[PDB]
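Heads up, the thing below is written out as C-alpha cells.
Every residue, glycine among them, receives a Cβ derived from its backbone with ideal geometry; neighbour counts consider all protein chains shown. What follows is calculated from the coordinates using simple rules that are stated; it is not laboratory data.
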Amino acid sequence: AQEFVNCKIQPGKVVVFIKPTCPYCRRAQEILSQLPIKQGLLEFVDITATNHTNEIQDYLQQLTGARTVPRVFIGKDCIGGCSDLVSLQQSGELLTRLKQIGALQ
C-alpha cells in the first residue's frame, strides 16, 4: 500500500499519520494541536481505520526512513516521529518548518 500515504500528503497541509493504539500519537496530537495553525491543515490521518498499518508502515519506512508512528508530514516534508517533533517544538524549529507551508495564522 503506497498510494494511501502518497496521495494523503500534499504540500500546504500538515498531514500526520497516526493510530489511536499508539500512546505516542496522543502526544503528537496535543503537541501539534497546541500551536496556532491554518484551520484544516492539521490532519491526523489514521493507519488502522481504513487500511493496513502493516503495509503503510513498511512503505513509510522506505519513503521516510522509519515506520514507527506518529509520523508528521509538514507540507510534503516528513519531519520524523514524536522524538523529533518534541525537539522541533522545544527548539521552536517546528514553527518555522510550518509557516513555510502557509500554516501559522
Tally of residues being free of Cβ contacts under 8 Å to residues at least 12 places away in the same chain and charged (D, E, K, R) across the stretch 56-83:
2
Enumeration of residues in the stretch 83-105 that are crowded, with 17+ Cβ neighbours inside 10 Å and out of contact with any strand residue (DSSP E or B) (no Cβ under 8 Å at 6 or more places or on another chain):
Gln89
Taking the stretch 48-81, which residues are touching a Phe, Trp or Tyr at 6+ places or on another chain (Cβ under 9 Å) and among the polar types (S, T, N, Q)?
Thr50, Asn51, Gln57, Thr64, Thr68
For the stretch 1-28, which residues satisfy the criterion of being of a type outside the set (A, V, I, L, M, F, W, C) and without any contact (Cβ under 8 Å) to a residue 24 or more places away in the chain?
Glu3, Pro23, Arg26
Farther than 15 Å from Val5 by Cβ, in a helix (DSSP H, G or I) and among the hydroxyl-bearing types (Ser, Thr, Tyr) - does that describe any residue in the stretch 28-44?
yes
Residue by residue through the stretch 21-53, note down the ones that are in contact with a strand residue (DSSP E or B) (Cβ under 8 Å, 6 or more places away or on another chain) and among the β-branched types (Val, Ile, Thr).
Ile37, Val45, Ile47
Which number in (1) surrounded by 15 or more Cβ atoms within 10 Å (Cβ to Cβ); (2) out of contact with any helix residue (DSSP H, G or I) (no Cβ under 8 Å at 6 or more places or on another chain); (3) among the charged types (D, E, K, R) marks the one condition that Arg67 misses?
(2)
Looking at the stretch 1-27, which of the residues that are in a helix (DSSP H, G or I) and in contact with a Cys (Cβ under 9 Å, 6 or more places away or on another chain) is surrounded by the most Cβ atoms within 10 Å (Cβ to Cβ)?
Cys25
Filter the helices (runs of 4 or more DSSP H) completely within the stretch 53-105 down to those with at least 2 residues that are β-branched (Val, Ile, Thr).
53-64
